[PDB]
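Two forms of a single protein chain come next, each set out by itself as structure tokens; they are called structure 1 and structure 2.
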Structure 1
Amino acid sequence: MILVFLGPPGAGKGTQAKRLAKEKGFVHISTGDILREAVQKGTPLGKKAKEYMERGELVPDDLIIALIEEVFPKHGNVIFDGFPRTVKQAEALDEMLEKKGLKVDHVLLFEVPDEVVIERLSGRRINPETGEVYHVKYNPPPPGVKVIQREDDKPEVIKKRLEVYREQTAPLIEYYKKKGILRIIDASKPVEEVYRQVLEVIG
């Protein structure tokens, strides 16, 4: 089974993907997590991607396409979390998979309004050593866990990221609808309820 999680920044895609992957054995491919690792390591990819990410812009397609060619699991279940994020990325994914006799089985759209997105992102905090994600209101970190606010979760950068999503990523909703594989979830609900809806799709 190959899944794509699609939706605005802060919709809860990572939160749900991490759980589904552990509980059901999917390989989790988060382009954001992988890119943040590259930046830390200072690889050619990381050094180039950094300033796009800091501005809330997308990293250029060719870099992301190469990244996915390099890490795409040969066999077994996969969740692509935050990839694809452009039409050209989605076209590349389809081509890659077809060469392997595979296809995307379901694309889960995490629907949530802007006001909710903005609250989730402005209260998001991360453990920079593990990538674990918390929320100051909805899931605060316990004692002993040092967390930070991502630079891209600043108010002006959140604004830009939502703009970028609407212009470049939201067209994927129609791209996948027209493949017959889009499934809608209400990602504005609390975490447990979102997860129930995820399980319903993949079942």
Structure 2
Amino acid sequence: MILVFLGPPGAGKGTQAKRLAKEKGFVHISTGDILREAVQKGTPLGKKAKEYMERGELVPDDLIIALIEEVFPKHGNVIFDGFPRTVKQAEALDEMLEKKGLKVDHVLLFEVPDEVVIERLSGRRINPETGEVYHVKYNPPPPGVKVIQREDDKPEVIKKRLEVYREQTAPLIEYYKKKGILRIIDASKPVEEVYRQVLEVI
């Protein structure tokens, strides 16, 4: 079966993805990985994707689709983690899948209140003399170790970032809602209870 896992950063969706992959025997797919490998190996699509990045352009959607179609497991059990990102990608993904007589079975939307995402992300502190990460609330640094707060983790910026995430994702969500395949997960819950919801929907 094929699953898509979507959610903003801070939602913990990849932890859920990796556990399910391990227990059930899915291939976990991050498009970042497949792209990086193709570009490094210098395959024909790897080379084409590369020219685009060098110019300052996004890699076109049909290229990412073709990269996925290349390394796609024969058994057809995969979890897409954070992809598609747009409606356009969703349409092209659907198209290449049905070319194999396969479909997306479930899309899991990991929902979590803005308030909680801000607390998770904004709380982060970095030792710039190692790069070792801490959290003012969850895992405080020793009083004494020098730590900073990345500009990006300021509540202002994160707020902006969720707003952009929603603008981009709303139409994706609606597209999957229209097909009757969107399952809502309450990701505000303890990790074991989130995993319970995922198992329930599948």
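One-based numbering along structure 1's sequence throughout. Rigid core (definition): largest C-alpha set, two forms, superposition within 1.5 Å.
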ask   = Among 112, 126, 78, 102, whose C-alpha is off by 2 Å or more between the two structures on a rigid-core fit?
value = 126
query = Just checking, between the two structures and with the core aligned, does residue 146 shift 2 Å or more at the CA?
reply = yes
query = Is residue 47 among the residues whose Cα moves by 2 Å or more between the two structures after superposition of the rigid core?
reply = yes
inquiry  = At a 2 Å cut-off on C-alpha positions, does residue 137 qualify as shifted between the two structures after fitting the rigid core?
reply    = yes
Residue 173 CA shift between the two structures in angstrom, with the core used for superposition = 1.1
inquiry  = Given the rigid core as reference frame, how large is the C-alpha shift of residue 65 between the two structures? Answer in angstrom.
reply    = 3.1
query = Can you give the CA shift of residue 25 between the two structures, in Å, with the two forms fit on their core?
reply = 0.3
